[PDB]
Each structure stands twice: as C-alpha cells, then as structure tokens.
C-alpha cells in the first residue's frame, strides 16, 4: 500500500529509469529536492552526455563539476553532476594507468570519443565507477559528503545492461586495479544502499517496459525501489457512472435535471455533444485503468504524480517534490 517503505530512507543510491519520455529527468530532480529537504545535501547525476539537467533547469550546458543547482526546503542543497565521459576516461587513464600524457594527446585527435563509442563496456565501467565514487566519498570527519545520490538513469530498454558490471568488465584489459574497483561497484549495486525506481505513464509500452525491466533486474538480484506513475489525470466520475459512460450510457435525464439546478439549459446538439465528451473521457480512464491493472501483479510500492498544467518549470519541480513528500518520500 505505502509508496515508500522505511527501508527506502536508508538508500544512498537512487537510480531513476523508465521508458523514453516518461519523466525520468523531471522525477529524478523532484526526488533529489525531496531527499535534500531539511539541511541535506543530494547529488543529481546524469550519465548519457545529453545535458538533461541543464535543459530541465533552463541553464547553459554544465561542466564536469559538482555544482549547486537548487535550494531545497529548510536549507537543503541539490548539486548537479553531468558526467562528461571523455573527461572521465582521461581521469581513469591518469589515476589507474598514469597515462594522462597519452590521454591529452588522444583528446586532440578525437580518440577518447572513438574509444568510448567503440567499447560500450568501458563507457558503463567509467559511468558506474563515477556513480560509486560519489556515493562512497567521505569528508574530513569520515562522514558521507552526500546524504543521497539520485541518478537520472538510462531508459528501461538499457538499464539492466548499464548495471551489468560483469558484462561491462568482460571486454577490458585483464588484471590491474579496474577489476578490484568493479567488485566494489557490484557490492554497492546489489545492496540495501541502492534502489532502482521505474517511472511509467498509464500507456501500453511504458507499462510493458516497466514489467520487463523489473523482471531482468530481479533476475540480476538488483534492488527495486518504487514504480512511479507519472502524469495522472482526474477521473472526475464515480466508479459506477464511469463504467456505464465507457459503454455510452450516460443518464441524460439525470444530466438535464442537474443542469436545471445549476441554471443551465442546453440545446439538443450541444447537450448530445456534452454527453459524448463524458463518454470519451470515461473510455480514456477505463483504458488507463486496464493498463494500470497490469502493475497490480507486482508486489512493488507505487507512487503517483499529477499532471502539471503548463510547461514543467522550477515551480513545477517543487510541486512534484511536495507531492512525493506527501506520499512518504524522505
């Protein structure tokens, strides 16, 4: 029943997945705001080089630096990290192989771009490796720098492979320190310190991808958090009236009667039009409920977010953060 069991409050790494266009970026930002409230410090991470955080906050492209992007309720802070895969590869070459010289030569000929494109496993190793670094980082007092890390993650069709450390490591050079680090990544990912959240719309393909992704991840023994149902709409109709209206039956007499009380008399062509509008609404809610029912089989907590009327802006992220907090997200 609860959309956020208490165990989810002990999670340090939140991965926000879901089909393309379902709300990952928006929801990951709203989640970060929710977790930062009350003097906390949360990192919002993106891994695909798409600059979705900059686009969402309507600012120029962010550099490879953890920077304050938002103020949360009661002195909380949200930092942003748009991972630059090229700078991450040079950082890796320098730290684990002392190849900073070779790396800076490669950047000048586009060879870092080539290498990350032709070796997808190296890409995931650098990305998941950086994610782990922000999670386990400590201050001078041996306390975590961040209270939580929220990853605006790859979509449902790619999330299981992105988190497949064994498969990513498979096509990398044997021996060295990269294999010792990967053990730490696996431990972190397969623990009570991580949770994968799945954003969905009440549409056929986003729901099918949600179910399919949960099954791949459960098989991988990766921890599932919540299913977040985005852009909910009001039914505005009672269950019996709705079920009837989805069949074309609307009680005109009862509608004509209630319109008299409200001081409204409608012509026949406009009254008929008003009735088919409610039939069309009822048909949409019914179809959405049939789609939603497919998620009932999952013994997974579920959260519901409303539809923002106009373009999602800064104020909208705070409304969605507030909606999450009301459902017990903390």
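Residue numbers count along the first chain shown, from 1.
- Task: Between 288-296 and 33-41, name whichever shows the higher mean Cα B factor according to the PDB entry.
- Result: According to the PDB entry, the answer is 288-296.
- Higher average CA B factor in the deposited record is what I'm after, so tell me if that's 119-127 or 233-241. Result: 233-241.
- Item | Member of 132, 161, 256, 190 with the greatest C-alpha B factor (per the PDB record) | When the deposited C-alpha B-factors of 132, 161, 256, 190 are compared, 256 is largest.
- Task: Pick out which of 261, 55, 65, 26 has the highest C-alpha B-factor in the PDB entry.
- Result: If I rank 261, 55, 65, 26 by C-alpha B-factor, first place goes to 261.
- Query: Going by the entry, which third of its chain does the Cα temperature factor of residue 95 land in?
  - Reply: Highest third of the chain for residue 95's C-alpha B-factor.
- Message: Please say which third, lowest, middle or highest, residue 312 falls into when its CA temperature factor is compared across its chain.
- Response: Its C-alpha B-factor belongs to the highest third of this chain's values.
- Item | Within-chain third of residue 183 by Cα B-factor, per the entry | Highest third - that is where residue 183 ends up once the chain's C-alpha B-factors are sorted.
- Message: What third of the chain does residue 221 rank in for C-alpha temperature factor, lowest, middle or highest?
- Response: As the PDB entry reports it, the C-alpha B-factor of residue 221 lands in the middle third of its chain.
- Message: Lowest, middle or highest third: which one holds residue 144 when the chain's residues are ordered by CA B-factor from the entry?
- Response: Middle third - that is where residue 144 ends up once the chain's C-alpha B-factors are sorted.
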